[PDB]
Every structure is written in C-alpha cells, then in structure tokens.
Amino acid sequence: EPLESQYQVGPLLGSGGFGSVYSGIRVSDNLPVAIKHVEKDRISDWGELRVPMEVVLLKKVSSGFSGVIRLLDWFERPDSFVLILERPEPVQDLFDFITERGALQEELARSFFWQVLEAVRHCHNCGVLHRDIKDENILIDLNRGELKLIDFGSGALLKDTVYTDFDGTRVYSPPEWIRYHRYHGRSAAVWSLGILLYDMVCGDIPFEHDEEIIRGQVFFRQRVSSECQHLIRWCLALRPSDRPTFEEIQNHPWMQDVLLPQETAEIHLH
Ligand SMILES: O=C(Nc1cnccc1O[C@H]1CCNC1)c1csc(-c2c(F)cccc2F)n1
C-alpha cells in the first residue's frame with residue numbers, strides 16, 4: 001500500500017505545467033508504468049468519485065480501449081496525488097518523432113491522424129473533453145504502431161454549453177478563444193486536430209502568434225496533397241460551425257483506405 005512498496009521508481013520522463021512524471025515498474029508483475037505527481041496547491045480543477053478532476057476524467061476513459069494511456073491506480077499524499085499510468089515500451093512521443101523525421105509521409109500521417117480521431121471519439125463517448133490535443137500529448141507504441149493520448153490535466157467533462165476557461169496550449173487554441181474567451185468542446189477539438197494534422201504533414205505548427213490564428217490563412221511550407229490541404233483548411237475554419245464533425249473528417253476523401261496500426265509499424269516504424 002505504500003507507493004514505495006508496490007513500485008520501483010526509475011528516472012524522470014518530464015516535468016512542467018502538468019507536474020512531474022517518472023518511469024517505474026510494478027513490483028507484483030514487473031509491468032512497466034509511469035508515475036505522475038501533481039501538487040495539490042497546483043490543482044485548480046477538482047471533482048469527486050475528493051480528487052483532482054484529472055483522476056475523474058481518467059477513470060472515465062480508462063475502461064480498456066487502447067487509444068488512451070490508462071490510469072491503473074492512484075494515491076493521495078498530504079500535499080500531492082500520485083497517478084500510476086500505463087507505459088508502452090519502446091515508446092516515443094509524437095513531438096520527438098516528428099522532430100526526428102521531419103514532415104511525415106501522408107500514408108503515415110493518415111494512419112496516425114485516424115488513430116487520434118478514434119481516441120478523441122472514445123474520450124467524447126465517455127463524457128470527457130481532453131482540451132490539449134497536440135504532438136507532445138500523443139505517444140507512439142512503436143512495436144504495435146498504436147497511438148495513445150496522455151495528459152488529461154487540462155480536460156473537462158464534455159458538455160454542450162460554452163466553455164469560458166482554458167488552460168491547454170495556446171497555439172492549438174481556436175480563434176473564438178483568442179477573440180472572445182469562449183468555445184464549444186467539439187468544434188474547439190476539431191480546430192486543434194487541424195493544427196495537429198498540419199504539424200504532421202509539414203513538420204511544424206501553422207500559426208505562432210494570435211494574429212495569425214485569428215486571420216486563419218493557412219500557408220503550406222511543404223508539399224501536401226490537395227485533399228490533405230482541403231481537410232486541414234476545413235478543420236481550421238474560422239467560424240466554429242463551419243468546421244467538420246468527426247464523422248465528416250473520417251468520411252473525407254483524404255481519410256480513405258487507412259493502414260491498420262500493425263501494418264503501419266511494419267511499413268514505417270520497423
Ligand atoms: O501519462 C503519460 N505521460 C504524461 C501524463 N501527463 C502529463 C505529462 C505526461 O508526460 C510527460 C512526460 C513526457 N512528456 C510529458 C505517460 C505514460 S508513459 C509516458 C512516456 C514514456 F513512457 C516515455 C516517454 C515519454 C512519455 F511520455 N508518458
């Protein structure tokens with residue numbers, strides 16, 4: 001029951017706005033894990049089963065489907081919570097992967113983007129809005145060609161009314177947030193997915209400054225097919241209601257004939 005006695009702690013994987021995250025092994029069966037610490041003073045969103053809203057969201061999405069890193073257990077300490085999360089091995093985040101490869105071939109980006117869409121749909125089906133979809137928050141299980149979302153620490157319960165709070169990543173945030181401090185969940189998620197898909201096929205994000213986000217003119221700095229460009233620009237429609245639904249994204253001509261994850265690993269990752 002001590003954290004100490006169930007887990008051998010390994011080295012730090014990263015720290016930041018979300019807390020500090022370490023590699024670990026579960027002693028009972030040697031299962032690789034990740035161990036995330038969050039200081040209670042740093043938590044502003046709370047929920048109940050009293051825990052961080054992050055733990056509520058995780059428990060909602062962690063019933064089995066493999067497109068999210070699951071919450072395996074958690075602990076409360078006097079000044080912090082400790083979350084025990086899945087750890088694939090070998091693994092690499094998508095930011096690192098794109099940094100190393102540069103812009104992804106479209107077949108690969110299609111496979112990755114499709115898996116992200118399936119994972120986001122799973123979250124929304126479980127009643128969870130992630131609100132920080134980006135390269136750094138997507139892990140690639142390199143052996144199986146499977147992508148997995150991490151970091152629910154800026155997420156919220158999914159609702160149909162306006163959100164007036166945001167603490168995700170600004171350059172992935174939509175023009176309605178920038179201009180009005182208001183957004184709806186789904187259409188804000190589709191904007192972020194447009195930013196993400198551009199990042200995959202171009203190797204960097206399309207917008208740095210607020211003025212570029214609100215102008216929403218997309219320039220392509222690498223060669224990208226016309227169908228991919230069209231999907232990106234649709235996702236990045238300035239008016240929220242002009243963006244595609246997940247169903248419309250997944251029916252788009254660019255999204256046809258996706259590789260399976262295992263095929264994807266055999267072709268592009270092995
Ligand atoms: O939940 C996860 N991670 C996380 C959560 N909540 C906030 C941040 C999180 O991650 C931080 C560490 C890596 N960058 C961000 C997680 C599980 S496995 C893992 C991971 C890995 F096993 C190898 C390399 C990088 C990894 F991310 N991460």
Side-chain angles (χ1 to χ4, degrees), residues 3 6-26 29-47 51-62 64-75 77 80-101 112 115-116 119-120 122-123 126 128-156 166-172 192 196 199 205 261 265 269:
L3 170 82
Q6 295 182 70
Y7 299 94
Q8 202 209 37
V9 180
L12 191 63
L13 295 170
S15 76
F18 55 80
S20 299
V21 181
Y22 299 78
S23 177
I25 292 168
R26 187 161 57 194
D29 60 352
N30 302 306
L31 180 72
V33 296
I35 306 173
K36 180 178 182 177
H37 301 257
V38 300
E39 303 196 348
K40 290 169 168 160
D41 283 348
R42 298 211 46 234
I43 296 169
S44 66
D45 253 40
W46 290 87
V51 299
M53 185 50 47
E54 177 177 356
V55 168
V56 178
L57 311 178
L58 281 167
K59 287 180 161 281
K60 282 163 78 66
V61 299
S62 290
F65 166 85
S66 73
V68 179
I69 288 291
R70 296 184 338 150
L71 183 72
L72 299 176
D73 203 354
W74 62 273
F75 301 78
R77 287 171 166 186
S80 66
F81 290 84
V82 187
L83 282 46
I84 308 308
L85 295 148
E86 298 189 295
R87 168 166 65 94
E89 186 171 44
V91 70
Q92 184 181 42
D93 79 36
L94 180 63
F95 174 89
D96 284 351
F97 183 85
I98 287 164
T99 293
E100 168 182 305
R101 297 234 180 162
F112 280 6
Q115 294 182 53
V116 176
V120 172
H122 164 80
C123 295
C126 298
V128 173
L129 188 75
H130 185 290
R131 306 200 286 184
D132 199 19
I133 297 157
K134 60 178 174 179
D135 57 7
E136 293 165 43
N137 287 338
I138 295 163
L139 295 190
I140 306 164
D141 173 343
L142 290 162
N143 197 7
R144 290 187 178 286
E146 293 176 14
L147 273 59
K148 301 200 172 293
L149 300 180
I150 57 164
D151 196 5
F152 289 83
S154 308
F166 177 75
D167 189 34
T169 299
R170 186 168 179 96
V171 286
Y172 282 77
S192 76
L196 178 71
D199 178 56
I205 62 185
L269 314 172

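Start at 1 and go down the list; that is how both ligands and their atoms are numbered. For the numbers below, each heavy atom of this structure counts, side chains included, while hydrogens, waters and symmetry mates do not. All residue numbers in this chain count up from 1 along the given sequence.
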Ligand 1-proximal atoms of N137, by part, heavy-atom distance under 4.0 Å: neither
Test side-chain contact (heavy atoms from CB on, under 4.5 Å) applied to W74 and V51, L58, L3, the passing residue: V51
Protein contact of atom 19 (C) of ligand 1 - nearest heavy atom, named by residue and atom, plus distance: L139 CD1, 3.4 Å
Taking atom 6 (N) of ligand 1 as the reference point, the nearest protein heavy atom with its distance: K36 NZ, 2.9 Å
Ring centers of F112, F97 separated by less than 6.0 Å: yes
Which of the ligand 1 atoms, numbered from 1, are nearer than 4.0 Å to a heavy atom of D151: 5 (C), 6 (N), 7 (C)
Sub-4.0 Å atoms of ligand 1 with respect to non-hydrogen atoms of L85: 1 (O)
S80 and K40 side chains, donor-acceptor separation under 3.5 Å: no
Any protein heavy atom < 4.0 Å from atom 14 (N) of ligand 1: no
Residue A34 vicinity, atoms of ligand 1 by number, heavy atom under 4.0 Å: 16 (C), 17 (C), 18 (S)
Distance from atom 24 (C) of ligand 1 to nearest protein heavy atom, with residue and atom: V91 CG1, 4.0 Å
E89 near ligand 1 by a heavy-atom separation under 4.0 Å: no
For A119 against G67, the heavy-atom pair lying closest together: CB-O, 3.5 Å
Closest non-hydrogen atom pair between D135 and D199, with its separation: OD2-OD2, 2.8 Å
Aromatic plane relationship, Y22 with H37 - under 30° parallel, 30 to 60° tilted, over 60° perpendicular: perpendicular
For atom 11 (C) of ligand 1, closest protein heavy-atom neighbour: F18 CZ, 3.7 Å
Residue and atom name of the nearest protein heavy atom (relative to atom 2 (C) of ligand 1), distance in Å to one decimal: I150 CG2, 3.4 Å
Non-hydrogen atoms of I35 and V82 that approach each other most closely: CG2-CG1, 3.5 Å
Interfacing atoms of ligand 1 (cut-off 4.0 Å, heavy-atom, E86): 17 (C), 18 (S)
For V21 against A34, the heavy-atom pair lying closest together: CG1-CB, 4.1 Å
